[PDB]
Trainee: 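Sharing a structure, written as structure tokens. Questions coming.
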Amino acid sequence: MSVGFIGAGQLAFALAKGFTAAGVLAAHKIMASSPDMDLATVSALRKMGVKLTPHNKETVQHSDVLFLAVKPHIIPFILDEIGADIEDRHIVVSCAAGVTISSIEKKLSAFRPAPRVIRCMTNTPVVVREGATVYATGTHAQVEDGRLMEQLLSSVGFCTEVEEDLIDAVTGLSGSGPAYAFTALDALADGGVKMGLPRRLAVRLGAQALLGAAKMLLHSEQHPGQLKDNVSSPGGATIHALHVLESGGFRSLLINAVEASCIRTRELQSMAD
Amino acid sequence: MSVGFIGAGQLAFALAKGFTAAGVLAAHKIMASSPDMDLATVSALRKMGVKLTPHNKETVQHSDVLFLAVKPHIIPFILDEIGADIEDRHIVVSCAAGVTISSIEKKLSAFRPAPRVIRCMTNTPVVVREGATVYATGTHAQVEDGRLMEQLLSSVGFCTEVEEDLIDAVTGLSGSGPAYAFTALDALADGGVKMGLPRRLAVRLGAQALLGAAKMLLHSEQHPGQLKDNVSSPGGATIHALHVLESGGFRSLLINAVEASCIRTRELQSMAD
Amino acid sequence: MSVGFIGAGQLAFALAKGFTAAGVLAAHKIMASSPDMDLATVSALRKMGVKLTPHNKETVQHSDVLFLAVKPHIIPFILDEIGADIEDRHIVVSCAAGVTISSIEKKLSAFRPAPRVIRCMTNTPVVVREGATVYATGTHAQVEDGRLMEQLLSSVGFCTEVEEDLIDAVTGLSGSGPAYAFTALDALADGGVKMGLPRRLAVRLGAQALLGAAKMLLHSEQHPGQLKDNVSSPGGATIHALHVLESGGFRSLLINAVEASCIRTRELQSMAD
Amino acid sequence: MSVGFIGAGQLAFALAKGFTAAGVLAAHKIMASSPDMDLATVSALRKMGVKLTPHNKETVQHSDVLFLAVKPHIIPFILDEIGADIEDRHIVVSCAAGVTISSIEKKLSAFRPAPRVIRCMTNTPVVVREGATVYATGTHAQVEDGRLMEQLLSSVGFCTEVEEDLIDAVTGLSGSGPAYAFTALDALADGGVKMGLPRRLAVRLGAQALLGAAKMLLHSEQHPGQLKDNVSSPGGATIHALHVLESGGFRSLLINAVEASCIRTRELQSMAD
Amino acid sequence: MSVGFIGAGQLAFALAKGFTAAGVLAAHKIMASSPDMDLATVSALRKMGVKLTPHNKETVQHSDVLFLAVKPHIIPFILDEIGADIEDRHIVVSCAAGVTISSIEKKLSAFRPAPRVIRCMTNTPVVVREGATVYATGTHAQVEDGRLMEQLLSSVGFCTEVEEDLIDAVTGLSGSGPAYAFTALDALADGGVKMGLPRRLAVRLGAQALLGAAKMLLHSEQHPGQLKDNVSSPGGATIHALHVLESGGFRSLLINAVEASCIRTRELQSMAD
Ligand SMILES: O=C(Cn1cncn1)c1ccc(F)cc1F
Ligand SMILES: O=C(Cn1cncn1)c1ccc(F)cc1F
Ligand SMILES: O=C(Cn1cncn1)c1ccc(F)cc1F
Ligand SMILES: O=C(Cn1cncn1)c1ccc(F)cc1F
Ligand SMILES: O=C(Cn1cncn1)c1ccc(F)cc1F
């Protein structure tokens, strides 16, 4: 099985690194073409053994599974460029926000009538094989196409099927989620430094605290509120800190963030019309 | 090497589960005595093979390494109860906030002159072997005692030695940290639900997002701000969500929390003497 | 088998109504004396059959269990007035904030050496037999005295024993709690009226909603957050409303309230000495 | 009579539990079909004796009173699926927000001319027989149909008839109300824990406080402000706590919540039209 | 003229790099000893040719001008270690916050009566020869010592003499100032990314904008408000952005920052006394 990447190099690098680290694909079975790929990600992909080309048509001819990371305003040009090169064997997997299955199918059907299209919402931690991925299957995706995509993406993290109309919300939650965590870890480290810890220790402790808490929740049958209750002793340090989070509307800020990212993806889709 | 637990069952259970899951000690070499241990954690330890007793003296007589989970207002009672039973072989490991090495050494020295005391600041994700632990060695701790402590606690997560005067700050960061994460995950899931995701899926995706981001930072040489920059495309969904976090002072809330937990631990110390 | 009330008439009426409605005491076995009892509560107690007198000594002479609802600045005068009338049979149950067991015992011990004293923290819903009561037993309270008080106060609601140093926190939670609820219900009814409901229906629906939710939590083994999750469909009306509560720091206000009431009771105590 | 449920399993479970606990319906006279019903509620309904089927037509053929819990975007498909199976005996009771009597009558009249339709706004505490329910009768509902639905729904809580144009406001008040209460009870318990109470005791006391206060208001002829006045002594703990609620705009947050839930139900209705 | 550094490596590295880049000192005439110097700065100083040693006495014996970067809680230990090695030729230049000239002179006078002490407040941009430095001369500093110090520190940025009681305020302004700018540049770049710029370009443009504006102010006889007026056309883009800065209290935040840093330096001094 050959895999190709067209579009944003950040997507190509993350999944190629995860796939090769998982051992589910040899690097020479991966080809990538990009217009925005920087020297760092170009050099990193070459050193991995990934094939690189400036020609999107070459990526299509190489690939069985073709990942697209192409924004809605560029989709008409790319699909017109490669549409005639899509074959019966191809599964086209689109990863950019605001690009609907319907838009891709309509554009590709101008060339061949039953394009196999899947939409993917994944995130950067696939690079350490702890991604969160959902996918939705298109009109002509065979049932084995969804199973194949789930097997591939489960090698680099959590993966499950959803209806397409949930992808905007997933984007606001686990797509953008890692950036919320990086912000939180920077701030928690600032807090540790304010209270006297060296920066490097503060970053390590905060990141380990977040990793361990998330793993506890994933391996627990308990509600996150129950785990919060279990850790906070009466009159203790943690419940005092939880009060100051509540006084700042901490919960509402995170709700605001998921909502804002989700709505922005809907706006990006409306700009494709 | 026998290990004993005296005091709060939430501490005892997490470490006993972690230690036994790590395979570094057999469950029958662990004994615990607790007054606040609930029926569920009572039944869970029995099914693991951990020995249980209502008599703290029996735990002391069984143990070589003795973990204490005793608040500062109870420390005078516990140390006077077991002080005459401390032997040369014992390493006393105190885990409660606000209890200084000096206080423990002074109370135990009324019975035997050179008690071996270590202070531990750990957190509940040791239960899934992803804890964050620091320890400080007391006046009479042998150099091999600290090495032993580090080997044992590294089996259930990150562990490093610190000066005792950093433990308050660690408490505000990685001690209370998991509760901040549980709060954040509850709110992120609420955000996913508001935007149309089923609750169970929203919890899974948010927890996976946090776990993966934390793992990325731990395995990266990059600043958390650089990893954040990598997530956000220009004009995209993520940067729109980061703006609304910033507008609410998200970073400052997390700094406030670390500070509040740290300061409260200092207040708990001021109430012991 | 006789019960007396000295002090605030609101306490006397609430417990007398509850006790007689529970059928555990006949109204004529109850005597009350008060300086602040208004004509409405005077007329209501008389119609119940409760004995009324202006002389606190008569209440003491009639009663076996003697409830005091007397603030700290009046306690020296009341205990000096009735102290010589306290007999071996008396159990003195103090209900006012800031009046410690130690203070009552010290004043009464000037007359007879071993006064049987209990502190009670109850609330006004005892009038509908759904109170929340805790009690702490004094130095000379017999073990059967605590059992007797739990049996009596369980007839008008929940009742359990606590250490005296938790009474301030209970006051902030269930003592003041009903006033938080009355405030919330007035506001929820205002919201129903704003959205088009008649006031009387809005008050009925809001009160039934709060009653039913509280009963659900009392009969559930689940965390309140899990029950909250069960109310909201994704994208639905409830989760939209929960967001606007969170944006205003709703949770933090309720924490602020418990804290403020608890701290005020400590201040009322510091003004007695 | 036989009762059927189509749609959201959370609705089916709540009412089936309440009805069977009230003894007004035998579990085997209830049939439910759902696409979102989870394993926990599947096993719970199975264990109760409720019949389960994947076929909505079977539920219709089984039922006399047919509860629908179907969102506006799914209503056209469901009513087209079961419309030909609606008989003269059926009373169709719709429970989802944004689904009007008019929409159901128009869709069902395509099959049979005078469908008997009632709209129901109920809440989760029917599971403990303390729900708050209102209903509105449709064009062809016989006078005994409203009487029957009030008798049935009164077995699980408060029930009264309203005009349909009040259902949106009831949703914001008593429909979403229990979630406001669960949020409040979690926060009140956090406050109790901050001030030194064990979590389990804090949850019990806060829930009992809210239950008792709600019962007082339901059994009182007095304004909630008058009951609030009765709880607060001058200079006392409660009035200090009420001030901090007021300083945060507590009342306005609850008004905001009722309004936000009500308006969201109107938005959900506009997506049906 | 040999120069030595004792203490924090961040201070030593910046000044050593600046001095060597300015050509006023050969790298082999510089010696540094540090306990917190990391591997990256160890290798960087070695590659420059700076001499490194773990022994502070060797640094003193090598040096004519001796820079100290030692916190007030460590100053007693350092001055006790090297005090006997101070010779008449030495100028001791202290750079740490909260360490007064008087404190240094008092500790060093225990060994030799007339120590030449200068206090320095500098910042990290000395590494690109654009530092901001002030100094105050001690009791026994010869007049040529101040001129020598100003000549040395003027090679790496702005340098002027001040009274010692201004150094805490300078610390809050130009000492901490670069960190305010780094924060501002990160945020400005986030704003550029939100509006569609690539992150690398956004950082470059924002940093160039700040550099150029600062240079304009330094080379103008004009008030910063006049320069502000000159940039803003009526109804234009800039004045619209200035309004949103004003609406958030932007100016007051920067005043808050200078004040907070200045006050913290005073607190660090009082913990030494
Ligand atoms: O780059 C994208 C999406 N994208 C496509 N064109 C512009 N943006 C992306 C990268 C990494 C990842 F894990 C997930 C993603 F969606
Ligand atoms: O319970 C404590 C400390 N404690 C002792 N007495 C009261 N509190 C604790 C529990 C789990 C954990 F991972 C870390 C801890 F410090
Ligand atoms: O009036 C009091 C306490 N009090 C005594 N003197 C001033 N205040 C009271 C009333 C009803 C109730 F249910 C609980 C109470 F604590
Ligand atoms: O689930 C619903 C309504 N619904 C139907 N389709 C989507 N939502 C519901 C559940 C329990 C309850 F008590 C009241 C309700 F309206
Ligand atoms: O590190 C310090 C001061 N310091 C000394 N011990 C702890 N802190 C410092 C570093 C670089 C700089 F440019 C200016 C400085 F003051």
Side-chain angles (χ1 to χ4, degrees), chain A residues 176-177 179-195 197 202-203 205-207 209-210 213 224-225 228 231-232 237-260, chain B residues 169 171-191 206 210 213-214 224-225 228 241-264, chain C residues 243 245-256 259, chain D residues 186-187 190-191 194 248, chain E residues 183 186-187 190 248-249 253 256-257 260:
Chain A
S176 298
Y180 314 154
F182 297 138
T183 301
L185 288 166
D186 195 26
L188 283 167
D190 281 348
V193 169
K194 193 191 181 187
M195 304 318 288
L197 301 178
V203 173
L205 290 172
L210 290 205
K228 185 212 72 190
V231 293
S232 315
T238 298
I239 191 67
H240 275 70
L242 292 178
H243 190 189
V244 307
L245 292 179
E246 298 287 0
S247 289
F250 181 74
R251 294 163 176 271
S252 75
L253 302 190
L254 289 160
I255 298 168
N256 291 346
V258 175
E259 172 175 62
Chain B
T171 304
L173 178 53
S174 52
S176 298
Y180 313 153
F182 298 141
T183 301
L185 290 167
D186 195 27
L188 284 167
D190 280 346
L210 181 54
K228 187 206 73 188
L242 292 175
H243 190 188
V244 306
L245 291 180
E246 298 286 358
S247 289
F250 181 74
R251 295 164 175 272
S252 76
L253 301 189
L254 290 161
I255 298 167
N256 290 346
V258 174
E259 172 173 62
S261 170
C262 177
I263 290 178
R264 180 57 179 170
Chain C
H243 190 188
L245 292 179
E246 298 287 359
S247 290
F250 182 73
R251 294 164 176 272
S252 76
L253 302 188
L254 290 160
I255 298 167
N256 291 346
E259 173 174 61
Chain D
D186 194 26
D190 282 347
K194 192 190 183 187
Chain E
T183 301
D186 193 25
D190 280 346
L253 301 188
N256 290 346

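To find a chain, count down the sequence lines: A is the first, B the second, and so on, and within it residues start at 1. Values reported hereafter were calculated over all heavy atoms of this structure, with side chains retained and with hydrogens, waters and symmetry mates removed.
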Trainee: Specify the closest pair of heavy atoms between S261(B) and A241(A), including all atoms of both residues, with the distance to one decimal.
Mentor: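 Taking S261(B) first and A241(A) second, the nearest heavy atoms are CB-CB, 3.8 Å.
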Trainee: To the nearest 0.5 Å, what is the distance between CZ (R251(C)) and CG (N256(C))?
Mentor: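 Here the rounded value is 14.0 Å.
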Trainee: Test of understanding: with side chain to side chain donor-acceptor pair (under 3.5 Å), list the residues that count as partners of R264(B), not counting sequence neighbours.
Mentor: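 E267(B).
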Trainee: Could you give the distance from OG (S174(B)) to CG (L197(A)), rounded to the nearest 0.5 Å?
Mentor: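 That separation rounds to 8.0 Å.
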Trainee: Under the side chain to side chain donor-acceptor pair (under 3.5 Å) rule, collect the residues that match up with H243(B), sequence neighbours excluded.
Mentor: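 In terms of side chain to side chain donor-acceptor pair (under 3.5 Å), with neighbours along the sequence ignored, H243(B) is linked to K194(E).
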Trainee: How would you list, by chain and number, every residue that makes a ring pair (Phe, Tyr, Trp, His ring centres under 6.0 Å) with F250(A), sequence neighbours excluded?
Mentor: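 Expected list: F250(B).
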Trainee: What's the separation between atom CD in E259(C) and atom CG in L254(C), rounded to the nearest 0.5 Å?
Mentor: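 Between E259(C) CD and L254(C) CG, I get 12.5 Å after rounding to 0.5 Å.
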Trainee: Can you name the nearest heavy-atom pair linking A181(A) to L210(B), along with the distance?
Mentor: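 Looking at all heavy atoms of both residues, the closest pair is CB-CD1, 3.7 Å.
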Trainee: Restricting to non-hydrogen atoms, name the atom on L253(B) and the atom on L245(A) that form the minimum distance, rounded to 0.1 Å.
Mentor: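 Of all heavy-atom pairs spanning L253(B) and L245(A), the closest is O-CD2, 3.4 Å.
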Trainee: If you measure from CD on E246(A) to OG on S252(A), what distance do you get to the nearest 0.5 Å?
Mentor: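 It is 9.5 Å, given to the nearest 0.5 Å.
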Trainee: Where the side chain of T183(A) meets the backbone of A179(A), is there a donor-acceptor pair that is under 3.5 Å apart?
Mentor: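 Checking the backbone N and O of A179(A) against the side chain of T183(A), a donor-acceptor pair under 3.5 Å is found.
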Trainee: What residues form a side chain to side chain contact (heavy atoms under 4.5 Å, CB included) with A189(A), not counting sequence neighbours?
Mentor: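 By the side chain to side chain contact (heavy atoms under 4.5 Å, CB included) rule, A189(A) matches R199(A), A202(A), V203(A).
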Trainee: List for me each residue that meets salt bridge (charged side-chain N to carboxylate O under 4.0 Å, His left out) alongside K228(A), sequence neighbours excluded, and say none if there are none.
Mentor: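 With neighbours one apart ignored, the set is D186(D), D190(D).
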Trainee: Are a donor atom and an acceptor atom from the side chains of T238(A) and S232(A) found within less than 3.5 Å of each other?
Mentor: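 The criterion, which ignores hydrogens and geometry beyond distance, is not satisfied for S232(A) and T238(A).
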Trainee: Is there a side-chain contact between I255(C) and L242(A), using heavy atoms and a 4.5 Å cut-off?
Mentor: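 Not in contact.
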Trainee: Could I get the full list of ring pair (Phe, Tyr, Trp, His ring centres under 6.0 Å) partners for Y180(A), not counting sequence neighbours?
Mentor: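 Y180(A) satisfies ring pair (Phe, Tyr, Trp, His ring centres under 6.0 Å) with no residue once adjacent residues are dropped.
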